[PDB]
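Working notes, beginning with the structure itself.
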Amino acid sequence: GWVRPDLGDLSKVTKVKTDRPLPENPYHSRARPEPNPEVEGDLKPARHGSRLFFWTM
Amino acid sequence: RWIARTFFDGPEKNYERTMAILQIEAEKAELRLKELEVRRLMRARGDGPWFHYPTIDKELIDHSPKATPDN
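These protein sequence lines are chains Q and b, in that order.
FYI, in PDB author numbering the residues of the first sequence are 116 to 172.
FYI, in PDB author numbering the residues of the second sequence are 119 to 189.
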């Protein structure tokens, strides 16, 4: 008394059951590591203007 | 007597102009002693975005369970 699985088999991704603990903190996952800080500030213009050699403005 | 007040001034204009344009200097010769402080000696930190070089974009990675379990 069995079935003839014509087309429904080998498809339709399922879920099963919670059986064992899910392996969080995977295979190594050592560090990120840390990023470098940014600047937000306040966009002011040039302090006296382009300051190159003589170049007042 | 009638030469100065007809033409020019003494220690009220040519003094305190020397005091005026010598305050455009200490914000010029000292900010030029901060570029050498920062640009040449940044150096191995790379904190401020001047030596920032592109490496890779991690957005284009995939995370699907691709069809070999040990990869």
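Think of the CB as a built atom: it goes at the ideal place given N, C-alpha and C, for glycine as much as any other residue.
### Query
Does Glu-148 (chain b) get closer than 8 angstroms to chain Q when you measure Cβ to Cβ?
no
Report task. Would you please verify whether the beta carbon of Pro-150 (chain Q) is less than 8 angstroms from any beta carbon of chain b? Result -> no
Margin query: Can you give me the C-alpha to C-alpha distance between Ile-121 (chain b) and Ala-161 (chain Q), rounded to a whole angstrom?
Written below: 43 angstroms
* Could you give the DSSP three-state label for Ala-138 (chain b): helix, strand or coil? => helix
Beta carbon of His-163 (chain Q) nearer than 8 angstroms to that of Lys-146 (chain b):
yes
*asked:* Using a Cβ-Cβ cutoff of 7 angstroms, what residues of the stretch 137 to 162 of chain b are near chain Q? List them in chain order.
replied: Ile-142, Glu-145, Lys-146, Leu-149, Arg-150
- Query: For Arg-150 (chain b), which three-state DSSP category applies?
  - Reply: helix
How about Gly-128 (chain b): is its C-beta nearer than 8 angstroms to some C-beta of chain Q? no
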